[PDB]
file entry-v1.cif (mmCIF, N, CA and C atoms)
data_query
#
loop_
_atom_site.label_atom_id
_atom_site.label_comp_id
_atom_site.auth_asym_id
_atom_site.auth_seq_id
_atom_site.Cartn_x
_atom_site.Cartn_y
_atom_site.Cartn_z
N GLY A 1 50.23 -11.34 18.66
CA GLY A 1 50.37 -10.67 17.39
C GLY A 1 51.43 -11.29 16.51
N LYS A 2 52.57 -10.64 16.43
CA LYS A 2 53.62 -11.05 15.51
C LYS A 2 54.40 -12.21 16.08
N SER A 3 55.55 -12.44 15.49
CA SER A 3 56.64 -13.14 16.14
C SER A 3 57.87 -12.28 15.90
N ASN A 4 58.19 -11.41 16.86
CA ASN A 4 59.33 -10.51 16.70
C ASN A 4 60.64 -11.25 16.70
N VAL A 5 60.69 -12.42 17.32
CA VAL A 5 61.76 -13.35 17.13
C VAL A 5 61.27 -14.36 16.10
N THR A 6 62.19 -15.02 15.43
CA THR A 6 61.81 -16.02 14.44
C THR A 6 62.34 -17.36 14.89
N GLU A 7 62.24 -18.35 14.01
CA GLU A 7 62.35 -19.72 14.48
C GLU A 7 63.79 -20.17 14.63
N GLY A 8 64.57 -19.50 15.47
CA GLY A 8 65.98 -19.81 15.50
C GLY A 8 66.90 -18.69 15.89
N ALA A 9 66.40 -17.47 16.05
CA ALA A 9 67.25 -16.41 16.55
C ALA A 9 67.51 -16.64 18.03
N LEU A 10 68.79 -16.62 18.40
CA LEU A 10 69.23 -16.77 19.78
C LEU A 10 68.60 -15.73 20.69
N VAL A 11 67.95 -16.17 21.76
CA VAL A 11 67.43 -15.23 22.74
C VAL A 11 68.17 -15.45 24.04
N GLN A 12 68.10 -14.47 24.92
CA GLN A 12 68.92 -14.51 26.11
C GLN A 12 68.03 -14.54 27.34
N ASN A 13 68.67 -14.63 28.49
CA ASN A 13 67.98 -14.62 29.76
C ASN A 13 67.42 -13.23 29.97
N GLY A 14 66.15 -13.05 29.64
CA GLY A 14 65.48 -11.79 29.79
C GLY A 14 66.08 -10.70 28.92
N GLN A 15 65.99 -10.86 27.61
CA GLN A 15 66.65 -9.93 26.72
C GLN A 15 65.88 -8.62 26.64
N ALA A 16 66.35 -7.72 25.78
CA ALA A 16 65.66 -6.45 25.61
C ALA A 16 64.34 -6.62 24.87
N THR A 17 64.40 -7.17 23.66
CA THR A 17 63.24 -7.17 22.78
C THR A 17 62.33 -8.36 23.05
N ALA A 18 61.04 -8.15 22.85
CA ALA A 18 60.07 -9.18 23.13
C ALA A 18 60.12 -10.26 22.07
N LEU A 19 59.69 -11.46 22.45
CA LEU A 19 59.53 -12.49 21.44
C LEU A 19 58.28 -12.24 20.64
N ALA A 20 57.15 -12.21 21.32
CA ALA A 20 55.90 -11.90 20.68
C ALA A 20 55.02 -11.22 21.70
N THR A 21 54.32 -10.22 21.25
CA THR A 21 53.46 -9.43 22.09
C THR A 21 52.12 -10.15 22.16
N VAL A 22 51.88 -10.88 23.26
CA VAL A 22 50.50 -11.26 23.57
C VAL A 22 49.80 -9.99 24.02
N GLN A 23 48.48 -10.08 24.14
CA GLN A 23 47.69 -8.86 24.21
C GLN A 23 46.27 -9.19 24.58
N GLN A 24 45.72 -8.49 25.56
CA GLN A 24 44.40 -8.82 26.05
C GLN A 24 43.50 -7.63 25.77
N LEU A 25 42.39 -7.88 25.11
CA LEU A 25 41.59 -6.84 24.50
C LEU A 25 40.16 -6.76 25.01
N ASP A 26 39.75 -7.64 25.91
CA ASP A 26 38.32 -7.79 26.16
C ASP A 26 37.81 -6.66 27.06
N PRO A 27 38.54 -6.21 28.08
CA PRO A 27 38.41 -4.80 28.44
C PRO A 27 39.54 -4.06 27.78
N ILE A 28 39.50 -2.73 27.72
CA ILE A 28 40.61 -2.01 27.12
C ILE A 28 40.74 -0.66 27.80
N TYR A 29 41.96 -0.36 28.21
CA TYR A 29 42.27 0.95 28.73
C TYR A 29 42.28 1.96 27.60
N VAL A 30 41.79 3.15 27.89
CA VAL A 30 42.02 4.28 27.01
C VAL A 30 42.69 5.35 27.85
N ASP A 31 43.97 5.55 27.63
CA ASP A 31 44.72 6.52 28.40
C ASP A 31 44.41 7.91 27.89
N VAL A 32 43.67 8.65 28.68
CA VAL A 32 43.05 9.88 28.27
C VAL A 32 43.89 11.03 28.81
N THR A 33 44.30 11.94 27.93
CA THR A 33 45.34 12.92 28.26
C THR A 33 44.71 14.28 28.50
N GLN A 34 44.27 14.50 29.73
CA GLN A 34 43.74 15.79 30.15
C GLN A 34 44.87 16.80 30.25
N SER A 35 44.60 18.02 29.82
CA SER A 35 45.58 19.08 30.04
C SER A 35 45.72 19.39 31.53
N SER A 36 46.83 20.02 31.88
CA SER A 36 47.21 20.14 33.29
C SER A 36 46.29 21.09 34.02
N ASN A 37 46.14 22.31 33.51
CA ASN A 37 45.31 23.28 34.22
C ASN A 37 43.83 23.00 34.07
N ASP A 38 43.43 22.12 33.15
CA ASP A 38 42.02 21.78 33.03
C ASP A 38 41.59 20.80 34.11
N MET A 39 42.42 19.79 34.40
CA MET A 39 42.12 18.94 35.54
C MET A 39 42.28 19.71 36.82
N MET A 40 43.18 20.69 36.83
CA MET A 40 43.24 21.66 37.91
C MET A 40 41.94 22.45 38.01
N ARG A 41 41.44 22.98 36.89
CA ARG A 41 40.30 23.89 37.02
C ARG A 41 39.00 23.14 37.28
N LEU A 42 38.95 21.84 36.99
CA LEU A 42 37.74 21.09 37.32
C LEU A 42 37.68 20.75 38.80
N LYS A 43 38.82 20.40 39.41
CA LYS A 43 38.82 20.23 40.86
C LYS A 43 38.59 21.56 41.55
N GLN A 44 39.05 22.65 40.93
CA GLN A 44 38.73 23.98 41.42
C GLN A 44 37.24 24.23 41.41
N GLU A 45 36.53 23.77 40.38
CA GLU A 45 35.09 23.94 40.38
C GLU A 45 34.36 22.88 41.19
N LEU A 46 35.04 21.84 41.64
CA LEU A 46 34.44 20.95 42.62
C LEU A 46 34.60 21.46 44.05
N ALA A 47 35.19 22.64 44.23
CA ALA A 47 35.29 23.27 45.54
C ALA A 47 34.79 24.70 45.56
N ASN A 48 34.46 25.29 44.41
CA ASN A 48 33.77 26.58 44.36
C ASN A 48 32.40 26.54 45.09
N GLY A 49 31.44 25.67 44.72
CA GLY A 49 31.44 24.55 43.78
C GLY A 49 30.42 24.65 42.67
N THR A 50 29.54 23.65 42.59
CA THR A 50 29.60 22.46 43.45
C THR A 50 30.59 21.30 43.09
N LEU A 51 30.94 20.95 41.83
CA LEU A 51 30.26 21.26 40.58
C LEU A 51 29.11 20.33 40.48
N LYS A 52 29.44 19.04 40.35
CA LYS A 52 28.82 17.86 40.93
C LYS A 52 29.61 16.67 40.42
N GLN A 53 29.33 15.50 40.94
CA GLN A 53 29.66 14.29 40.23
C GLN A 53 28.34 13.57 39.95
N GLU A 54 28.45 12.34 39.47
CA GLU A 54 27.29 11.55 39.10
C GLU A 54 26.98 10.49 40.14
N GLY B 1 49.42 30.13 13.73
CA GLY B 1 49.18 31.00 12.61
C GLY B 1 48.78 30.30 11.34
N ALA B 2 48.74 28.98 11.34
CA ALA B 2 48.18 28.28 10.20
C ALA B 2 47.03 27.40 10.56
N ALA B 3 46.72 27.22 11.83
CA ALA B 3 45.41 26.69 12.12
C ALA B 3 44.36 27.78 12.07
N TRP B 4 44.47 28.73 12.98
CA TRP B 4 43.42 29.70 13.20
C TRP B 4 43.45 30.75 12.11
N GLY B 5 44.60 30.93 11.49
CA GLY B 5 44.73 31.91 10.45
C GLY B 5 44.24 31.42 9.12
N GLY B 6 44.90 30.40 8.61
CA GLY B 6 44.79 30.08 7.22
C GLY B 6 46.02 30.58 6.52
N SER B 7 46.96 29.69 6.26
CA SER B 7 48.23 30.09 5.69
C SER B 7 48.27 29.68 4.23
N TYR B 8 48.62 30.62 3.38
CA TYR B 8 49.06 30.27 2.04
C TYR B 8 50.28 29.37 2.13
N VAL B 9 50.34 28.39 1.25
CA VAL B 9 51.46 27.47 1.27
C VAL B 9 52.27 27.62 0.00
N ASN B 10 51.66 27.27 -1.13
CA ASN B 10 52.23 27.42 -2.46
C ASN B 10 51.06 27.38 -3.42
N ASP B 11 51.32 27.11 -4.69
CA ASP B 11 50.21 26.95 -5.61
C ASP B 11 50.10 25.53 -6.14
N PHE B 12 48.91 25.19 -6.63
CA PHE B 12 48.75 23.94 -7.32
C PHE B 12 48.15 24.26 -8.68
N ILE B 13 47.96 23.24 -9.51
CA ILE B 13 47.52 23.48 -10.88
C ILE B 13 46.18 22.82 -11.11
N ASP B 14 45.10 23.58 -11.03
CA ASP B 14 43.79 23.06 -11.41
C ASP B 14 43.53 23.45 -12.85
N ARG B 15 43.32 22.44 -13.69
CA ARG B 15 42.86 22.60 -15.07
C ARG B 15 43.78 23.51 -15.88
N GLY B 16 45.08 23.41 -15.60
CA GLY B 16 46.02 24.32 -16.21
C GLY B 16 45.88 25.75 -15.74
N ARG B 17 45.44 25.98 -14.51
CA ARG B 17 45.43 27.31 -13.96
C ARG B 17 46.03 27.27 -12.56
N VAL B 18 46.77 28.30 -12.22
CA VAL B 18 47.59 28.32 -11.02
C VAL B 18 46.77 28.83 -9.85
N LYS B 19 46.52 27.97 -8.87
CA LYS B 19 45.57 28.28 -7.81
C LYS B 19 46.21 27.95 -6.48
N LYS B 20 45.80 28.68 -5.45
CA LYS B 20 46.54 28.74 -4.20
C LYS B 20 46.28 27.50 -3.36
N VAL B 21 47.08 27.30 -2.32
CA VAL B 21 46.89 26.20 -1.39
C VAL B 21 46.89 26.72 0.02
N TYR B 22 45.73 26.73 0.65
CA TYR B 22 45.64 27.30 1.99
C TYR B 22 45.39 26.18 2.96
N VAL B 23 46.35 25.91 3.80
CA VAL B 23 46.13 25.13 4.99
C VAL B 23 45.33 26.02 5.94
N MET B 24 44.32 25.45 6.59
CA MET B 24 43.59 26.15 7.65
C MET B 24 42.97 25.09 8.52
N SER B 25 42.70 25.43 9.77
CA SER B 25 41.88 24.60 10.62
C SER B 25 40.49 24.49 10.05
N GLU B 26 39.81 23.37 10.33
CA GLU B 26 38.40 23.25 9.98
C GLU B 26 37.57 24.26 10.75
N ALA B 27 36.30 24.37 10.36
CA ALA B 27 35.44 25.36 10.97
C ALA B 27 35.18 25.05 12.43
N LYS B 28 34.77 23.82 12.73
CA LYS B 28 34.30 23.51 14.07
C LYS B 28 35.43 23.42 15.08
N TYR B 29 36.67 23.59 14.65
CA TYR B 29 37.81 23.50 15.55
C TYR B 29 38.52 24.82 15.75
N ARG B 30 38.02 25.91 15.19
CA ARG B 30 38.65 27.20 15.41
C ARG B 30 37.61 28.24 15.76
N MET B 31 36.52 27.80 16.35
CA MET B 31 35.32 28.58 16.38
C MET B 31 35.00 29.10 17.77
N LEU B 32 35.73 28.67 18.78
CA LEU B 32 35.49 29.11 20.15
C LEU B 32 36.81 29.37 20.86
N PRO B 33 36.82 30.08 21.99
CA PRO B 33 38.03 30.10 22.81
C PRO B 33 38.35 28.75 23.39
N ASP B 34 37.35 27.89 23.56
CA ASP B 34 37.55 26.53 24.02
C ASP B 34 38.38 25.70 23.07
N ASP B 35 38.31 25.97 21.77
CA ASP B 35 39.04 25.15 20.82
C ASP B 35 40.50 25.52 20.71
N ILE B 36 40.99 26.44 21.54
CA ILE B 36 42.42 26.61 21.72
C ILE B 36 43.05 25.30 22.15
N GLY B 37 42.47 24.66 23.16
CA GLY B 37 43.06 23.47 23.75
C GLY B 37 43.04 22.24 22.87
N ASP B 38 42.34 22.28 21.74
CA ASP B 38 42.31 21.14 20.84
C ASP B 38 43.47 21.12 19.87
N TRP B 39 44.35 22.11 19.91
CA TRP B 39 45.48 22.16 19.01
C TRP B 39 46.73 21.61 19.68
N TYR B 40 47.36 20.68 19.00
CA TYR B 40 48.45 19.90 19.56
C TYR B 40 49.74 20.21 18.83
N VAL B 41 50.75 20.56 19.61
CA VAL B 41 52.01 21.07 19.11
C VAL B 41 53.10 20.12 19.57
N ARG B 42 54.07 19.87 18.71
CA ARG B 42 55.03 18.79 18.90
C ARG B 42 56.19 19.28 19.74
N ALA B 43 56.57 18.49 20.73
CA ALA B 43 57.60 18.89 21.66
C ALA B 43 58.98 18.67 21.04
N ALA B 44 60.01 18.68 21.88
CA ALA B 44 61.34 18.33 21.41
C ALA B 44 61.41 16.87 21.00
N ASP B 45 60.78 15.99 21.77
CA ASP B 45 60.90 14.57 21.51
C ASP B 45 59.82 14.01 20.60
N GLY B 46 58.72 14.72 20.42
CA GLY B 46 57.61 14.18 19.67
C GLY B 46 56.44 13.70 20.51
N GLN B 47 56.33 14.15 21.75
CA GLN B 47 55.12 13.95 22.51
C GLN B 47 54.23 15.17 22.32
N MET B 48 52.95 14.93 22.05
CA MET B 48 52.06 16.03 21.71
C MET B 48 51.69 16.87 22.91
N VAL B 49 51.52 18.16 22.66
CA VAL B 49 51.28 19.15 23.71
C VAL B 49 50.09 19.99 23.32
N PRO B 50 49.06 20.01 24.15
CA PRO B 50 47.90 20.86 23.87
C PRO B 50 48.25 22.31 24.12
#
call {"tool": "encode", "arguments": {"input": "entry-v1.cif", "output": "structure tokens"}}
result
Amino acid sequence: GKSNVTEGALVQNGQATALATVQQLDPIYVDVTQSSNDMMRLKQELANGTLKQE
Amino acid sequence: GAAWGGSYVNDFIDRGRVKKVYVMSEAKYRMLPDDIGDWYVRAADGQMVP
């Protein structure tokens, strides 16, 4: 993407901030935020049950 | 109380007439008990909470 460092800013041995964020996009994670008791209640219905899976 | 309710906010001016401003949830998001969980409320730090 960018260049968070520029052509001459002193960088250190493993500093805090990145130089540039490389990035791989060809698969992509989607971090999906299930509510707590809902993932609870779905496993609950996988033991009632049935519920099913695929 | 301003998603599911519809809250008066203040007024705006349409065509030189003073008309209300109601924030409200859309129809398809306040229409079931299931759509409780679709409302996200901001924590102390700014991580969203259903």
call {"tool": "interface_residues", "arguments": {"input": "entry-v1.cif", "of": "chain B", "to": "chain A", "cutoff": "12 Å", "atoms": "only C-alpha atoms", "output": "list in words"}}
result
residues 34, 36, 37, 38, 39, 40, 47, 48, 49 and 50 of chain B
call {"tool": "resolve_selection", "arguments": {"input": "entry-v1.cif", "expression": "the PyMOL selection byres ((chain A and resi 2) around 7)", "output": "list in words"}}
result
residues 1, 3, 4, 5, 19, 20, 21 and 22 of chain A
call {"tool": "select_by_dssp", "arguments": {"input": "entry-v1.cif", "residues": "chain B", "states": "helix (DSSP H, G or I)", "output": "list in words"}}
result
residues 27, 28, 29, 33, 34, 35 and 36 of chain B
call {"tool": "residues_around", "arguments": {"input": "entry-v1.cif", "residues": "region 5-10 of chain B", "least_positions_apart": "2", "cutoff": "7 Å", "atoms": "all atoms listed in the file", "output": "PyMOL selection string"}}
result
chain B and resi 1-3+12+19-25
call {"tool": "select_by_dssp", "arguments": {"input": "entry-v1.cif", "residues": "chain B", "states": "strand (DSSP E)", "output": "PyMOL selection string"}}
result
chain B and resi 7-14+17-23+41-42+48-49
call {"tool": "atom_distance", "arguments": {"input": "entry-v1.cif", "atom1": "atom N of residue 35 (chain B)", "atom2": "CA of residue 29 (chain A)"}}
result
26.3 Å
call {"tool": "atom_distance", "arguments": {"input": "entry-v1.cif", "atom1": "atom C of residue 41 (chain B)", "atom2": "atom C of residue 40 (chain A)"}}
result
21.7 Å
